[PDB]
Amino acid sequence: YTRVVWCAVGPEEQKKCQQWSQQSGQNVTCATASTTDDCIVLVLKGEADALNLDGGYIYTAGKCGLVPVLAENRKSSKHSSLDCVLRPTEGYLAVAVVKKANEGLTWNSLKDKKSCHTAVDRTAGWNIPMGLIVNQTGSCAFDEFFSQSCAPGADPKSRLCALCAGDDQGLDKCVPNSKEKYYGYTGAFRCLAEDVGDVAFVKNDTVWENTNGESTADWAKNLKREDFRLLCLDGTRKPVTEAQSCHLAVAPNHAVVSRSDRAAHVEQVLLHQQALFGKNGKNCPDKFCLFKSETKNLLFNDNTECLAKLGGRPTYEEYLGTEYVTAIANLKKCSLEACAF
Ligand SMILES: *[C@@H]1O[C@H](CO)[C@@H](O[C@@H]2O[C@H](CO)[C@@H](O)[C@H](O)[C@H]2NC(C)=O)[C@H](O)[C@H]1NC(C)=O
Ligand SMILES: *[C@@H]1O[C@H](CO)[C@@H](O[C@@H]2O[C@H](CO)[C@@H](O)[C@H](O)[C@H]2NC(C)=O)[C@H](O)[C@H]1NC(C)=O
Ligand SMILES: CC1(C)Cc2c(-c3ccccc3)c(-c3ccc(Cl)cc3)c(CC(=O)O)n2C1
Ligand SMILES: *[C@@H]1O[C@H](CO)[C@@H](O)[C@H](O)[C@H]1NC(C)=O
Ligand SMILES: [Fe+3]
Ligand SMILES: [Zn+2]
Ligand SMILES: [Zn+2]
């Protein structure tokens, strides 16, 4: 009765989870909710066991008692002797991306421009840039900084949702799941690509993976890396090959979380499921690939090489790092340490 009930966020994740469930012979089954917060609630009620989360959502789950279990680990350079499951994670770079042709937009002229964010509460798309912005402006009024935005999860009538597009029928505008056209890393970068916004807060890998033919999706297939610049905190603009010297932060990798009392079982089941369906898996590309979903980053980021063991049985605070947790705490003061639910 180590069936693990995964929580899928929206219908496209639910469809992938259903295929995973079928292929796993119901070793894994699926609960679904409309939002990441709602999935965390199902886990707190014991109606789902686990899901994989961005760091800002790990902060929410962690305040309510849930614990990190395994982390996404993507390709690396050095440390290459180690098996992926054992290799330390390296964090990803949160960046602010603009079009080269939008000349003289820099970090210091962002006020009153249009912004694209992966979702409220997420690390690169929200906590890092809005925390930096609140700090730099000396003001908690971050909902009045950009003239319009798409920030999935904000009030859909507010200017923080004015750029969001909803689903193809145009329903579900601004919902924080993949139905919203501009949701997530891929959606916020598409929001910039399509010039709906002036700036997208995403990570370094997003720009690479959706330019120069790395994506064949209709909106991405013609994008050229050279037509984008990163915004540096010192006011300069750099090419996207320079993200090691022009990022807003290094983010902790997305990780699986669960109730502490289920962490051990969730871990062993996931280790076995990735041996089947993960990057070199017995049954991938054969039957099912757990870490593919045609660039849509459903359940896991498509660039995940494996889910890796954590060193030191970390608490969510240790996993996130004290400085990130403190930055989050500070930003949340704009809108005392109990579970949000
Ligand atoms: C930014 O992201 C890109 C995409 O993940 C990284 O480029 C990949 O890096 C490895 C080398 O580590 C190459 O083998 C891959 O083939 C690259 N992918 C692509 C699409 O080019 C890049 O290294 C990252 N930059 C920084 C500074 O972290
Ligand atoms: C925004 O500013 C706050 C206030 O300075 C930052 O909070 C401090 O962070 C440092 C470095 O971790 C700690 O030494 C201080 O104790 C923190 N101060 C407080 C009052 O808690 C926060 O890191 C900043 N946000 C961002 C995104 O950089
Ligand atoms: C295993 C972690 C989830 C803990 C952690 C810290 C961390 C933890 C404790 C105290 C400080 C940092 C930092 C990290 C790395 C670099 C910067 Cl500039 C900021 C944070 C990173 C990203 C990285 O791998 O380099 N991680 C990943
Ligand atoms: C299902 O779970 C059992 C128990 O670990 C295991 O023997 C079997 O290999 C698993 N099968 C699949 C298809 O995940
Ligand atoms: Fe993230
Ligand atoms: Zn840095
Ligand atoms: Zn510890």
# chains A, B, ... in the order shown; residues from 1 in each chain; ligands from 1
$ residues_near_ligand --ligand "ligand 5" --cutoff "7 Å" --atoms "only C-alpha atoms and all ligand atoms" --output "VMD selection string"
chain A and resid 54 to 55 122 to 124 254
$ write_last_selection --atoms "C-alpha atoms" --output "PDB file, in the first residue's frame"
ATOM      1  CA  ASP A  54       9.112  25.504  -7.407  1.00  0.00           C
ATOM      2  CA  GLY A  55      11.099  26.954  -4.354  1.00  0.00           C
ATOM      3  CA  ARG A 122       7.358  31.446  -7.710  1.00  0.00           C
ATOM      4  CA  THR A 123      11.082  32.044  -7.313  1.00  0.00           C
ATOM      5  CA  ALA A 124      12.467  33.522 -10.606  1.00  0.00           C
ATOM      6  CA  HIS A 254      12.347  22.513  -7.917  1.00  0.00           C
TER       7      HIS A 254
END
$ residues_around --residues "stretch 116-118 of chain A" --least-positions-apart "2" --cutoff "6 Å" --atoms "only C-alpha atoms" --output "ChimeraX atom specification"
/A:125,149-151,183-185,188,197,200-201
$ residues_around --residues "residue A:320" --least-positions-apart "3" --cutoff "7 Å" --atoms "only C-alpha atoms" --output "list in words"
residues 55, 252, 316, 317, 324 and 325 of chain A
$ residues_near_ligand --ligand "ligand 4" --cutoff "9 Å" --atoms "only C-alpha atoms and all ligand atoms" --output "MDAnalysis selection string"
chainID A and resid 1:3 21:28 268:269 272:273 276
$ write_last_selection --atoms "N, CA and C atoms" --output "tab-separated table (two decimals), in the first residue's frame"
chain	number	residue	atom	x	y	z
A	1	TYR	N	0.86	-1.24	0.00
A	1	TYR	CA	0.00	0.00	0.00
A	1	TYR	C	0.88	1.26	0.00
A	2	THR	N	2.00	1.03	-0.66
A	2	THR	CA	2.83	2.07	-1.19
A	2	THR	C	2.35	2.34	-2.66
A	3	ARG	N	1.03	2.54	-2.84
A	3	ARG	CA	0.55	3.35	-3.98
A	3	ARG	C	0.88	4.81	-3.53
A	21	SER	N	0.24	6.96	-14.44
A	21	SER	CA	-0.46	5.97	-13.57
A	21	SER	C	-0.70	4.62	-14.29
A	22	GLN	N	-1.33	4.69	-15.48
A	22	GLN	CA	-1.51	3.53	-16.37
A	22	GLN	C	-0.18	2.77	-16.58
A	23	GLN	N	0.90	3.45	-16.96
A	23	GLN	CA	2.18	2.76	-17.20
A	23	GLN	C	2.83	2.21	-15.99
A	24	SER	N	2.54	2.75	-14.81
A	24	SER	CA	3.15	2.29	-13.58
A	24	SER	C	2.34	1.13	-13.00
A	25	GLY	N	1.26	0.74	-13.67
A	25	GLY	CA	0.35	-0.32	-13.14
A	25	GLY	C	-0.29	0.12	-11.83
A	26	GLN	N	-0.69	1.41	-11.76
A	26	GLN	CA	-1.22	2.08	-10.54
A	26	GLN	C	-0.34	2.03	-9.33
A	27	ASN	N	0.96	1.83	-9.50
A	27	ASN	CA	1.88	2.22	-8.40
A	27	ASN	C	1.82	3.71	-7.98
A	28	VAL	N	1.47	4.51	-8.97
A	28	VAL	CA	1.23	5.93	-8.84
A	28	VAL	C	-0.18	6.14	-9.36
A	268	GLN	N	11.16	6.15	-2.18
A	268	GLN	CA	11.56	4.86	-2.79
A	268	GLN	C	10.76	4.57	-4.08
A	269	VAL	N	9.49	4.99	-4.05
A	269	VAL	CA	8.65	4.77	-5.18
A	269	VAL	C	9.17	5.64	-6.30
A	272	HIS	N	12.33	4.18	-8.02
A	272	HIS	CA	11.97	3.12	-8.91
A	272	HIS	C	11.23	3.61	-10.13
A	273	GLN	N	10.33	4.59	-9.99
A	273	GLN	CA	9.67	5.11	-11.20
A	273	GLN	C	10.62	5.79	-12.18
A	276	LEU	N	12.40	3.34	-14.37
A	276	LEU	CA	11.58	2.94	-15.45
A	276	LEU	C	11.41	4.04	-16.51
$ closest_atom_pairs --of "chain A" --to "ligand 7" --cutoff "6 Å" --atoms "only C-alpha atoms and all ligand atoms" --output "JSON lines"
{"residue": "A:312", "atom": "CA", "partner": "ligand 7", "partner_atom_place_in_ligand_line": "1 (Zn)", "distance": 5.7}
{"residue": "A:313", "atom": "CA", "partner": "ligand 7", "partner_atom_place_in_ligand_line": "1 (Zn)", "distance": 6.0}
{"residue": "A:314", "atom": "CA", "partner": "ligand 7", "partner_atom_place_in_ligand_line": "1 (Zn)", "distance": 4.6}
{"residue": "A:315", "atom": "CA", "partner": "ligand 7", "partner_atom_place_in_ligand_line": "1 (Zn)", "distance": 5.9}
$ residues_near_ligand --ligand "ligand 2" --cutoff "12 Å" --atoms "only C-alpha atoms and all ligand atoms" --output "MDAnalysis selection string"
chainID A and resid 94 123:124 126:140 233 248:251 321:334
$ closest_residue --among "A:204, A:211, A:89, A:178" --to "ligand 3" --atoms "only C-alpha atoms and all ligand atoms"
A:89
$ closest_atom_pairs --of "stretch 211-278 of chain A" --to "stretch 296-301 of chain A" --cutoff "12 Å" --atoms "only C-alpha atoms" --output "tab-separated table"
residue	atom	partner	partner_atom	distance
A:215	CA	A:296	CA	10.6
A:217	CA	A:296	CA	10.2
A:253	CA	A:301	CA	10.1
A:254	CA	A:300	CA	8.2
A:255	CA	A:300	CA	9.0
A:256	CA	A:300	CA	9.3
A:274	CA	A:300	CA	11.8
A:278	CA	A:300	CA	10.8
$ residues_around --residues "stretch 33-41 of chain A" --least-positions-apart "2" --cutoff "8 Å" --atoms "only C-alpha atoms" --output "ChimeraX atom specification"
/A:7-10,31,43-45,48,51,57,61,175-177,341
$ write_last_selection --atoms "C-alpha atoms" --output "PDB file, in the first residue's frame"
ATOM      1  CA  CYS A   7      -1.075  15.796  -7.296  1.00  0.00           C
ATOM      2  CA  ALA A   8      -1.434  17.291 -10.783  1.00  0.00           C
ATOM      3  CA  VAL A   9      -1.990  20.990 -11.232  1.00  0.00           C
ATOM      4  CA  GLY A  10      -4.642  21.544 -13.951  1.00  0.00           C
ATOM      5  CA  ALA A  31      -5.381  13.599  -7.628  1.00  0.00           C
ATOM      6  CA  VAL A  43      -1.409  16.743   0.517  1.00  0.00           C
ATOM      7  CA  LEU A  44      -1.981  18.343   3.975  1.00  0.00           C
ATOM      8  CA  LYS A  45      -5.375  16.517   4.153  1.00  0.00           C
ATOM      9  CA  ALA A  48      -2.600  13.198  -2.149  1.00  0.00           C
ATOM     10  CA  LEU A  51       4.094  16.799  -6.102  1.00  0.00           C
ATOM     11  CA  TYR A  57       5.864  27.005  -3.284  1.00  0.00           C
ATOM     12  CA  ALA A  61       4.324  23.756   1.756  1.00  0.00           C
ATOM     13  CA  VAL A 175      -5.222  31.033 -13.446  1.00  0.00           C
ATOM     14  CA  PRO A 176      -1.841  29.705 -12.146  1.00  0.00           C
ATOM     15  CA  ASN A 177      -1.789  26.468 -14.209  1.00  0.00           C
ATOM     16  CA  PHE A 341      -4.085  27.310   5.426  1.00  0.00           C
TER      17      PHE A 341
END
$ atom_distance --atom1 "atom CA of residue A:62" --atom2 "atom CA of residue A:96"
27.0 Å
$ select_by_dssp --residues "stretch 113-264 of chain A" --states "strand (DSSP E or B)" --output "VMD selection string"
chain A and resid 114 to 117 148 to 150 199 to 203 228 to 231 237 to 239 249 to 251 255 to 259
$ residues_near_ligand --ligand "ligand 1" --cutoff "7 Å" --atoms "only C-alpha atoms and all ligand atoms" --output "PyMOL selection string"
chain A and resi 75-77+93+204-205+208-209+214+241-244
$ residues_around --residues "stretch 303-311 of chain A" --least-positions-apart "2" --cutoff "6 Å" --atoms "only C-alpha atoms" --output "VMD selection string"
chain A and resid 70 to 74 85 to 86 279 301 313
$ residues_around --residues "residue A:146" --least-positions-apart "4" --cutoff "9 Å" --atoms "only C-alpha atoms" --output "mmCIF file with N, CA, C and O atoms, in the first residue's frame"
data_model
loop_
_atom_site.group_PDB
_atom_site.id
_atom_site.type_symbol
_atom_site.label_atom_id
_atom_site.label_comp_id
_atom_site.auth_asym_id
_atom_site.auth_seq_id
_atom_site.Cartn_x
_atom_site.Cartn_y
_atom_site.Cartn_z
ATOM 1 N N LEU A 110 12.646 50.013 -15.500
ATOM 2 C CA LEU A 110 11.556 49.035 -15.558
ATOM 3 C C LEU A 110 10.182 49.624 -15.123
ATOM 4 O O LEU A 110 9.128 49.158 -15.594
ATOM 5 N N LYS A 111 10.200 50.643 -14.260
ATOM 6 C CA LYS A 111 8.949 51.286 -13.771
ATOM 7 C C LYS A 111 8.001 51.634 -14.924
ATOM 8 O O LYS A 111 8.456 52.123 -15.975
ATOM 9 N N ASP A 112 6.713 51.270 -14.774
ATOM 10 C CA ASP A 112 5.704 51.499 -15.822
ATOM 11 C C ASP A 112 5.818 50.708 -17.126
ATOM 12 O O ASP A 112 4.996 50.938 -18.069
ATOM 13 N N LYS A 113 6.725 49.720 -17.210
ATOM 14 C CA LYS A 113 6.753 48.829 -18.354
ATOM 15 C C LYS A 113 5.779 47.643 -18.103
ATOM 16 O O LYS A 113 5.132 47.591 -17.036
ATOM 17 N N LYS A 114 5.712 46.746 -19.061
ATOM 18 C CA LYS A 114 4.802 45.592 -19.045
ATOM 19 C C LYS A 114 5.644 44.388 -18.700
ATOM 20 O O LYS A 114 6.632 44.158 -19.359
ATOM 21 N N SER A 115 5.167 43.572 -17.742
ATOM 22 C CA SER A 115 5.982 42.410 -17.266
ATOM 23 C C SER A 115 5.288 41.079 -17.395
ATOM 24 O O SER A 115 4.028 40.972 -17.342
ATOM 25 N N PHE A 142 4.231 46.951 -4.937
ATOM 26 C CA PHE A 142 4.667 46.231 -6.155
ATOM 27 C C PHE A 142 3.558 45.919 -7.190
ATOM 28 O O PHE A 142 3.837 45.407 -8.280
ATOM 29 N N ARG A 159 -4.380 44.964 -12.580
ATOM 30 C CA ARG A 159 -3.449 45.177 -13.701
ATOM 31 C C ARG A 159 -2.336 44.113 -13.650
ATOM 32 O O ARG A 159 -1.687 43.855 -14.671
ATOM 33 N N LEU A 160 -2.152 43.432 -12.501
ATOM 34 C CA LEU A 160 -1.175 42.292 -12.530
ATOM 35 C C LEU A 160 -1.629 41.118 -13.411
ATOM 36 O O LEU A 160 -0.830 40.218 -13.744
#
$ closest_residue --among "A:290, A:264, A:193, A:82" --to "residue A:67" --atoms "only C-alpha atoms"
A:264
$ select_by_dssp --residues "stretch 229-313 of chain A" --states "alpha helix (DSSP H)" --output "list in words"
residues 263, 264, 265, 266, 267, 268, 269, 270, 271, 272, 273, 274, 275, 276 and 277 of chain A
$ closest_residue --among "A:283, A:106, A:258, A:245" --to "ligand 3" --atoms "only C-alpha atoms and all ligand atoms"
A:245
